[PDB]
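K.L.:
these chains are from a complex, not moved at all, and more is on the way:
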Amino acid sequence: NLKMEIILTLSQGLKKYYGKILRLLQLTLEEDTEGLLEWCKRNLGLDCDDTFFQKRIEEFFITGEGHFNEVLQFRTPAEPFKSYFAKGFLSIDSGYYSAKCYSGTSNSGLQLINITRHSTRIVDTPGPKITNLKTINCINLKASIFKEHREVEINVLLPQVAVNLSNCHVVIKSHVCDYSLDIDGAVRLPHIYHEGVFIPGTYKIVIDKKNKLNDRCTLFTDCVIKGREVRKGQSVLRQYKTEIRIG
Amino acid sequence: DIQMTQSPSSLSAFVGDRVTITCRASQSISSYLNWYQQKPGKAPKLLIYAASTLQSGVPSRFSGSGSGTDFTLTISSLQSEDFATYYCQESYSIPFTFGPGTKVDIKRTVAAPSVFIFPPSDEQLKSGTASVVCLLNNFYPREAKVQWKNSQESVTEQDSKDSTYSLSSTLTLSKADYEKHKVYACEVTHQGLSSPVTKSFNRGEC
Amino acid sequence: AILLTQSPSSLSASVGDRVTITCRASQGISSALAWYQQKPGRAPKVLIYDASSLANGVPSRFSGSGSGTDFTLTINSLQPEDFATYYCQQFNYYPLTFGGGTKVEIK
């Protein structure tokens, strides 16, 4: 054949390994697996197929217990990756993108939401098209302004409600992974497959205003408002299209 | 991430006094404070659910104030129903964590205890045991002592209307030891009394 | 496959000469070239295990230098014990392959 199959060095293959995981989390849109299958066979002694990667993500973020190594393998009590860390997080860096991801710890602390069982559709309602950052009552959005006045944090409490970014350069913080997003569209969130789709329980949008690259940055999302039902009673969460200008 | 602090860990004032308690945060939060007026041992009840907005079911005497990192709860005139522990709670970052809580309690003019004493019931002796109760009631302030001539003491919470305490104290004895004494008394001393006072009974009289 | 090629095909050299041979790949391999003695009716033997890094037990007369895709092997002194044929390898890609090697000629 013409195609010389590449043999990846430990560092090169390790970057491609993380590159594949980041695509499965849906944080990235492209992946390079050339030579990744060989790298696993020599360094890991197993085939890094889609099934293998699914268990690594599922174990690292949810079901895994005990010490973990740089390749997301766990141990409950010469060759590489036999030093199992216990720091609680791994820096998943593919070289083209990177995200700091915190290891699962079972029911200890904030959990995740199963969007296969959960699917919250919020009925539309007329509402103000523009919302001032200084007076956000929405139940999905909480805003904090700091004394410097050139930093804004928007805490999203309903990850199920899409937030679309336009002309923004942002840093996302969550109990699952931390990363930066520089592309327009719906905020990307880590999706972990475990007998269904799981996403962060909450995430924080950090907007740095001390630089010029966030000029004209604007958020478009649904403002969830708990209004009372004219009929029957109780509370039926509604929503309305709104825009929050930051820049 | 967020944590809360309150300046008066306790505050004390007379009925009719204006009072303020403060809550401030480890970050800045844009409104999003709750306040709860827990009477001890009851379930709390929500007073205020955002800065400067009042729940419909509670008196207009309460109002919120401030913005950003620092807030205060104010009472335009404290009423003896206001004996309670007050918590702030933040609402910027799940989990909505409470402050440490400020206990507010009511100052009064002194009142001496209408001390009483009760012999052991025969039903206790029929059980092979004996007890004697010495009681203080309608007295303030709380500091009093029950000299007996091996004791436990309980003081009830400041009464929502009397603004005033009551206190109980108990001896325990075997009926064998209860046989060893002709007379029992408790002596009590309190700053509202003119002088220390005692009550007693004779075992052979009752 | 990755085309590995080497020059000169035969090398005139005499006892005590200092001399060099060249090995090259048609693509940008960067490291993991290996060089072997071979002698008539014998197994080859390694001399160089990665580019410049001399293998253990090799005579210090040999050394390697370069930047992968272009590389050379150099002799400090042609000891007649090392009249042989020299072969080079690459490990940067599968399939593994060897050049045609080089002759040395006593001249």
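P.N.:
Arrived safely, thanks for sending. Numbering: from 1, shown residues only, chains lettered A, B, ... in the order given.
K.L.:
CA atoms for contacts and neighbours, from now on please.
P.N.:
Noted.
K.L.:
how about the helices in chain A?
P.N.:
A:10-24, A:36-43, A:50-58 (DSSP state H).
K.L.:
just checking, residue A:105 touches residue A:64?
P.N.:
Yes. Counting by CA atoms under 8 Å, residue A:105 sits close enough to residue A:64 to count as a contact (7.4 Å).
K.L.:
which of these two has more residues huddled nearby?
P.N.:
More neighbours surround residue A:64 than the other of residue A:105 and residue A:64, with 22 against 18 (other CA atoms under 10 Å in any protein chain shown).
K.L.:
got a list of what the more buried one touches?
P.N.:
Counting by CA atoms under 8 Å, 6 or more residues apart in numbering or on different chains, residue A:64 makes contact with A:58, A:74, A:104-106.
K.L.:
ok, and which of these reach chain C?
P.N.:
Among these, none lies close to chain C by the criterion of CA under 8 Å from any CA of the partner chain.
K.L.:
minimum distance to chain C, which residue of chain A gives it?
P.N.:
residue A:6 (4.9 Å; CA to the nearest CA).
K.L.:
so who does that residue touch?
P.N.:
Counted by CA under 8 Å, 6+ apart, residue A:6 has contacts A:34-35, C:92-94.
K.L.:
do the same with residue B:198
P.N.:
Contacts of residue B:198 by CA under 8 Å, 6+ apart are B:185-188.
K.L.:
and for residue A:141?
P.N.:
A:154-158, A:223.
K.L.:
do the same with residue B:32
P.N.:
B:49-51, B:90-92.
K.L.:
same check on residue B:124?
P.N.:
Taking CA under 8 Å, 6+ apart as the definition, contacts of residue B:124 comprise B:130-131.
K.L.:
export the helix or strand where it lies to PDB, keeping only CA atoms.
P.N.:
Applying DSSP states H and E as the criterion places residue B:124 in helix B:122-126. The C-alpha coordinates for helix B:122-126 follow below in PDB (Å, rounded to 0.1, in the frame of the first residue of the first chain):
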ATOM      1  CA  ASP B 122     -45.900   8.500  96.600                       C
ATOM      2  CA  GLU B 123     -46.000   6.800  93.200                       C
ATOM      3  CA  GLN B 124     -42.300   7.400  92.800                       C
ATOM      4  CA  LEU B 125     -41.700   5.900  96.300                       C
ATOM      5  CA  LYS B 126     -43.900   3.000  95.200                       C
END
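K.L.:
further, place chain D onto the existing structure:
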Amino acid sequence: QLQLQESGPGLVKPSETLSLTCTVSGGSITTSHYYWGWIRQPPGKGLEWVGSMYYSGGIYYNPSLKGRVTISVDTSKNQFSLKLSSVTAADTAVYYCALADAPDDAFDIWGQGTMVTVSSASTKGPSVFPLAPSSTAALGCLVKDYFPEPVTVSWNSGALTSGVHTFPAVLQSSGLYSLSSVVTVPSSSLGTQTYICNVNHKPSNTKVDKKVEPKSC
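P.N.:
So, slotting chain D in with the rest:
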């Protein structure tokens, strides 16, 4: 309005499990997610979290419970549950079920302050002794050798709702609780009008309505 009843066990062994249950009345979670959670208070401490569920359906757990916690809603019965595992004597506390009926994120509808206590000691129904004067006067009755912590008393089956004091219980030297309660009465009524100390200890099967009467000194 809403109403709640934290109708769980008052006593469990160490290494057993709770099953605190919170029926909600006046509504049903079938209609739409309600923000709700379990709050805790051990005696002599501020309020402490157990677990929560925002309008996301995203459970929270307080990490200091070492992941022993387990929330569950149950939409079938307008109900909530908490299933704390491996309970241990440090977890002696009152617990409150709470919902946000309104407004957006404040607990308005707190239930009743149920409590659970956690030790090897068995339940032990109270015994009651009359406490009435010799020849205004006080009246009362004394409650002793009772466990677990919560016992309630009321006078004349509730008729004497005013003029009453009850004293927070204290540890007897044997580790049981004891309690006393008293009333202040016009002596013109003493003996001529009957007075009944009525005590209720839901954590056992025991109730006693004991009359008090002046002593034949």
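K.L.:
please reconsider the contacts of residue A:141 now that chain D is part of the model.
P.N.:
Counting by CA under 8 Å, 6+ apart, residue A:141 touches A:154-158, A:223.
K.L.:
need those in JSON lines (columns: distance to chain C and neighbour count).
P.N.:
Below are the contacts of residue A:141 laid out as JSON lines (distance: CA to the nearest CA, whole Å; neighbours: other CA atoms under 10 Å in any protein chain shown):
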{"residue": "A:154", "distance to chain C": "48", "neighbour count": "19"}
{"residue": "A:155", "distance to chain C": "48", "neighbour count": "23"}
{"residue": "A:156", "distance to chain C": "48", "neighbour count": "24"}
{"residue": "A:157", "distance to chain C": "50", "neighbour count": "24"}
{"residue": "A:158", "distance to chain C": "49", "neighbour count": "22"}
{"residue": "A:223", "distance to chain C": "55", "neighbour count": "23"}
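K.L.:
residue closest to the middle of chain B?
P.N.:
residue B:157 (3.5 Å; CA atoms, centre = their mean).
K.L.:
so it touches residue B:165, yeah?
P.N.:
Yes. With contact defined as CA under 8 Å, residue B:157 counts as touching residue B:165 (6.6 Å).
K.L.:
okay, residue A:9 and residue A:79: tell me how far apart.
P.N.:
14 Å (CA to CA, to the nearest Å).
K.L.:
cool, residue D:3 as well?
P.N.:
Residue D:3 is 62 Å from residue A:79, by CA to CA.
K.L.:
more neighbours, the two?
P.N.:
Neighbours per residue (other CA under 10 Å) separate residue D:3 from residue A:79, with residue D:3 holding more: 16 against 7.
K.L.:
in space, what's closest to that one - neighbours in sequence excluded?
P.N.:
Leaving aside its chain neighbours, residue D:3 sits nearest to residue D:25 (5.3 Å; criterion: CA to CA, 6 or more residues apart in numbering or on different chains).
K.L.:
and chain E on top of that:
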Amino acid sequence: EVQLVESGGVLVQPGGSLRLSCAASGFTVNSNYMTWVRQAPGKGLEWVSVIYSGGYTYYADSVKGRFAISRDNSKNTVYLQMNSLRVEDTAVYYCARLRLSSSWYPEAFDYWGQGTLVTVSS
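P.N.:
This next block brings in chain E, placed alongside the chains you saw above:
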């Protein structure tokens, strides 16, 4: 000292089958990668196949369809087996151990065996 000895090479009829072997000594073949290389007489070396410690294998493009490399832990032996020989299969075959750098990159063959000759003709 570790030595590799190849044996069992013979003349065989073209299209026939053959079982090369390579016994190890001083180490266990399953611990580290074993390779095969061969030379057509008067030509240079060529690579044949490799077996990883995980028992996975790779083969030269000319041979991927025809040769199987195998090993047995208990016989401490690697095997190379021919499904059908071509005339160009005549060569001396050497077994060799493959040594990784500590970075687990393959760097050089060492401890080459004494070689074995196979031939294919009328």
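K.L.:
same question on the contacts of residue B:124, but with chain E included?
P.N.:
Taking CA under 8 Å, 6+ apart as the test, what residue B:124 contacts is B:130-131, D:129.
K.L.:
can you list those in a markdown table and add neighbour count?
P.N.:
Listed next are the contacts of residue B:124 as a markdown table, based on neighbours: other CA atoms under 10 Å in any protein chain shown:
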| residue | neighbour count |
| --- | --- |
| B:130 | 21 |
| B:131 | 19 |
| D:129 | 21 |
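K.L.:
wait, the residue nearest to the centre of chain B touches residue B:167, no?
P.N.:
No. Counting by CA under 8 Å, residue B:157 stays clear of residue B:167, with 9.5 Å between them.
K.L.:
what's the neighbour count on residue 12?
P.N.:
Because you didn't say which chain, this covers chain A. 15.
K.L.:
was after chain D, sorry
P.N.:
Residues near residue D:12, counting by other CA under 10 Å: 21.
K.L.:
tally up the residues packed near the residue lying closest to it once chain neighbours are set aside, please.
P.N.:
The shortest distance from residue D:12 to any non-neighbouring residue, by CA to CA, 6+ apart, is to residue D:118 (5.4 Å). Neighbourhood size, residue D:118 [other CA under 10 Å]: 20.
K.L.:
now do the contacts for residue D:118.
P.N.:
With CA under 8 Å, 6+ apart, residue D:118 has these contacts: D:11-14, D:87-89, D:91-92.
K.L.:
and which of those is nearest chain B?
P.N.:
Of the contacts of residue D:118, the one sitting nearest to chain B (CA to the nearest CA) turns out to be residue D:92, at 14.1 Å.
K.L.:
so how far is residue D:149 from that closest one?
P.N.:
Distance from residue D:92 to residue D:149, by CA to CA: 10 Å.
K.L.:
write out the residues of chain D neighbouring chain B.
P.N.:
For chain D, the residues in contact with chain B (CA under 8 Å from any CA) are D:46-49, D:52, D:60, D:96, D:103, D:105-113, D:129-134, D:138, D:165-170, D:180, D:215-217.
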